[PDB]
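Engineer: The structure file query-v4.cif (mmCIF, C-alpha atoms) is provided below.
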data_upload
loop_
_atom_site.label_atom_id
_atom_site.label_comp_id
_atom_site.auth_asym_id
_atom_site.auth_seq_id
_atom_site.Cartn_x
_atom_site.Cartn_y
_atom_site.Cartn_z
CA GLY L 1 7.98 -12.20 13.16
CA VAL L 2 4.83 -10.15 12.60
CA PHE L 3 2.04 -12.05 10.86
CA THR L 4 -0.67 -10.44 8.75
CA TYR L 5 -4.02 -12.06 8.01
CA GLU L 6 -7.13 -10.32 6.75
CA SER L 7 -10.73 -10.81 5.71
CA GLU L 8 -13.42 -8.76 3.97
CA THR L 9 -17.06 -8.56 5.01
CA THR L 10 -18.98 -7.15 2.07
CA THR L 11 -22.34 -6.28 3.53
CA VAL L 12 -25.52 -5.49 1.58
CA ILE L 13 -26.46 -3.26 4.50
CA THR L 14 -25.29 0.35 4.58
CA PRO L 15 -22.01 1.42 6.30
CA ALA L 16 -24.14 2.93 9.09
CA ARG L 17 -25.38 -0.52 10.03
CA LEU L 18 -21.76 -1.49 10.50
CA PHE L 19 -20.32 1.62 12.10
CA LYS L 20 -23.20 1.76 14.58
CA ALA L 21 -25.07 -1.55 14.99
CA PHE L 22 -22.25 -3.97 14.15
CA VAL L 23 -19.87 -2.17 16.54
CA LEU L 24 -22.06 -0.81 19.36
CA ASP L 25 -24.58 -3.65 19.65
CA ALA L 26 -21.73 -6.18 19.60
CA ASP L 27 -22.38 -7.37 23.16
CA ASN L 28 -25.98 -8.22 22.27
CA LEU L 29 -25.03 -9.79 18.97
CA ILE L 30 -21.75 -11.75 19.10
CA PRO L 31 -22.27 -13.66 22.43
CA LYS L 32 -25.66 -14.82 21.14
CA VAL L 33 -25.49 -14.91 17.34
CA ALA L 34 -21.72 -15.38 16.96
CA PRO L 35 -20.82 -18.01 19.63
CA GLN L 36 -18.39 -19.60 17.19
CA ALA L 37 -16.20 -16.56 17.69
CA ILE L 38 -16.82 -15.26 21.17
CA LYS L 39 -18.90 -16.96 23.85
CA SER L 40 -18.91 -13.83 25.96
CA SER L 41 -18.38 -10.31 24.63
CA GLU L 42 -18.56 -8.27 27.79
CA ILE L 43 -18.23 -4.57 27.05
CA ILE L 44 -17.13 -2.81 30.22
CA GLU L 45 -17.49 0.80 29.14
CA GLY L 46 -17.57 2.97 26.04
CA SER L 47 -20.09 4.35 23.57
CA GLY L 48 -18.54 2.52 20.63
CA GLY L 49 -15.42 4.59 20.15
CA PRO L 50 -12.40 5.96 22.08
CA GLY L 51 -11.84 3.99 25.26
CA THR L 52 -14.47 1.37 24.49
CA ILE L 53 -13.13 -1.71 26.25
CA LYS L 54 -14.57 -5.20 26.37
CA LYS L 55 -13.50 -8.50 27.89
CA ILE L 56 -13.62 -11.19 25.26
CA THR L 57 -14.05 -14.83 26.22
CA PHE L 58 -13.73 -17.31 23.34
CA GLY L 59 -15.93 -20.40 23.47
CA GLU L 60 -13.56 -22.28 21.22
CA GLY L 61 -10.97 -21.21 23.76
CA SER L 62 -13.16 -22.95 26.31
CA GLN L 63 -13.44 -19.81 28.48
CA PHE L 64 -9.84 -20.28 29.67
CA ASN L 65 -8.52 -18.49 26.61
CA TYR L 66 -9.76 -14.92 26.88
CA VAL L 67 -8.47 -11.41 26.23
CA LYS L 68 -9.73 -7.86 26.78
CA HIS L 69 -10.05 -5.97 23.51
CA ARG L 70 -10.45 -2.22 23.03
CA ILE L 71 -11.33 0.24 20.30
CA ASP L 72 -7.69 1.20 19.96
CA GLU L 73 -8.35 3.73 17.24
CA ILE L 74 -11.43 5.10 15.54
CA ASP L 75 -11.78 7.60 12.72
CA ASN L 76 -15.23 9.10 12.21
CA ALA L 77 -14.00 11.07 9.20
CA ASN L 78 -13.45 8.17 6.81
CA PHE L 79 -15.03 5.54 9.08
CA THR L 80 -12.29 3.29 10.44
CA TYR L 81 -11.89 1.45 13.76
CA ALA L 82 -9.26 -0.81 15.29
CA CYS L 83 -9.08 -3.30 18.15
CA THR L 84 -6.22 -4.25 20.47
CA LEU L 85 -5.49 -6.74 23.23
CA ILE L 86 -5.25 -4.71 26.43
CA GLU L 87 -5.68 -7.38 29.13
CA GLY L 88 -6.50 -11.02 29.70
CA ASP L 89 -4.68 -14.25 28.99
CA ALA L 90 -4.58 -15.56 25.45
CA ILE L 91 -1.29 -14.39 24.02
CA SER L 92 0.81 -14.02 27.19
CA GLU L 93 3.99 -16.14 27.43
CA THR L 94 6.65 -14.31 25.42
CA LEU L 95 4.44 -12.72 22.76
CA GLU L 96 2.87 -9.29 22.44
CA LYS L 97 -0.66 -8.96 21.04
CA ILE L 98 -2.72 -9.34 17.89
CA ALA L 99 -4.38 -6.28 16.40
CA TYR L 100 -7.46 -5.70 14.28
CA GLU L 101 -8.21 -2.78 11.96
CA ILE L 102 -11.52 -2.50 10.18
CA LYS L 103 -11.92 -0.01 7.37
CA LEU L 104 -15.42 1.04 6.31
CA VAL L 105 -15.56 1.23 2.53
CA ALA L 106 -18.64 1.87 0.41
CA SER L 107 -19.68 -1.10 -1.71
CA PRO L 108 -20.76 -0.73 -5.37
CA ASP L 109 -23.62 -2.95 -4.22
CA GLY L 110 -24.99 0.04 -2.37
CA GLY L 111 -23.87 -1.76 0.74
CA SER L 112 -20.54 -1.57 2.51
CA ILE L 113 -17.18 -3.32 2.81
CA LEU L 114 -15.48 -4.21 6.07
CA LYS L 115 -11.80 -4.60 5.35
CA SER L 116 -10.73 -6.27 8.57
CA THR L 117 -6.96 -6.56 8.48
CA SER L 118 -5.28 -8.00 11.56
CA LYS L 119 -1.66 -7.54 12.56
CA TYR L 120 -0.15 -10.21 14.79
CA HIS L 121 2.57 -8.46 16.78
CA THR L 122 5.35 -10.64 18.15
CA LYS L 123 7.36 -9.63 21.21
CA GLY L 124 10.80 -9.55 19.65
CA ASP L 125 11.79 -12.70 17.77
CA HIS L 126 9.22 -14.75 19.67
CA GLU L 127 6.54 -15.84 17.20
CA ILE L 128 2.95 -16.61 17.96
CA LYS L 129 1.66 -20.14 17.48
CA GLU L 130 -0.92 -20.41 14.70
CA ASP L 131 -3.53 -21.35 17.30
CA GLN L 132 -3.93 -17.72 18.40
CA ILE L 133 -3.40 -16.48 14.86
CA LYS L 134 -6.41 -18.59 13.91
CA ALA L 135 -8.30 -16.94 16.77
CA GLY L 136 -7.69 -13.61 15.07
CA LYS L 137 -8.97 -14.78 11.70
CA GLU L 138 -11.83 -16.80 13.17
CA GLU L 139 -12.75 -14.03 15.61
CA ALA L 140 -13.34 -11.81 12.60
CA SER L 141 -14.97 -14.74 10.79
CA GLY L 142 -17.61 -15.66 13.36
CA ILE L 143 -18.32 -12.11 14.49
CA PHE L 144 -18.61 -10.48 11.10
CA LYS L 145 -20.32 -13.30 9.24
CA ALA L 146 -22.73 -14.17 12.04
CA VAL L 147 -23.85 -10.62 12.75
CA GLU L 148 -23.87 -10.03 8.99
CA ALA L 149 -26.53 -12.67 8.52
CA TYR L 150 -28.35 -11.80 11.75
CA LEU L 151 -28.65 -8.28 10.37
CA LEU L 152 -29.53 -9.32 6.83
CA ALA L 153 -32.14 -11.73 8.13
CA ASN L 154 -33.77 -9.53 10.74
CA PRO L 155 -36.05 -6.98 8.91
CA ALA L 156 -37.91 -9.93 7.43
CA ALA L 157 -36.42 -12.47 9.87
CA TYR L 158 -38.12 -15.62 8.70
CA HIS L 159 -41.16 -13.96 7.15
#
For the structure just supplied, provide its representation as structure tokens.
Structural biologist:
Amino acid sequence: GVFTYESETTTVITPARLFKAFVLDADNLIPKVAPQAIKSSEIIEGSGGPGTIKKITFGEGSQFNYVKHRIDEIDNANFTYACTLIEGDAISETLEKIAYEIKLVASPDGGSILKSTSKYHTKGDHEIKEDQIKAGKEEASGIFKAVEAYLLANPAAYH
């Protein structure tokens, strides 16, 4: 019973800001500016690409609900990157793992477009409760939207 939810972060900032800053500086951004998604985004190793793992502790999950994500796939050619649950305890039970896949598209606004489509993989016929499904949507919501604004409101900040 695979579920599919998605969101789109249309950023006025250039794709570079997303492919580099949004992704690589995530551990400085999300835990601080996006606490409504992830209270602790602890990157273990990786330069923002193949093998880049990070242990993700959700604050809404009250620290008990946590799961190690990884850059499961990344394409420098057309600018695409995906995330997977590798370790931790959020899904567990009889389920598999929820996936993320962010496509970098150029916006007609001169900015960019983060097409974050998540794929909630069920282990057989065992479905995932909407609680964790919401974590997938909201993870992308708090992260993307909160770094989005942090980034948009940093060159001038508060003037």
Engineer: Run the PyMOL selection byres ((chain L and resi 109) around 9) on the file and write out the hits as a list in words.
Structural biologist: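 Evaluating the PyMOL selection byres ((chain L and resi 109) around 9) on these coordinates yields residues 10, 11, 12, 106, 107, 108, 110, 111 and 112 of chain L.
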Engineer: Calculated over only C-alpha atoms, which of the candidates L:71, L:135, L:158, L:9 has the smallest distance to residue 57 of chain L?
Structural biologist: L:135
Engineer: What gap, in Å, lies between atom CA of residue 143 of chain L and atom CA of residue 23 of chain L?
Structural biologist: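 It comes out at 10.3 Å.
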Engineer: Given all atoms listed in the file as the basis, pick out the residue of L:59, L:70, L:33, L:94 nearest to residue 45 of chain L.
Structural biologist: L:70
Engineer: So how many Å separate atom CA of residue 148 of chain L and atom CA of residue 65 of chain L, to one decimal?
Structural biologist: 24.9 Å
Engineer: Which value, in Å to one decimal, gives the distance between atom CA of residue 115 of chain L and atom CA of residue 62 of chain L?
Structural biologist: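 Taking atom CA of residue 115 of chain L and atom CA of residue 62 of chain L, their separation equals 27.9 Å.
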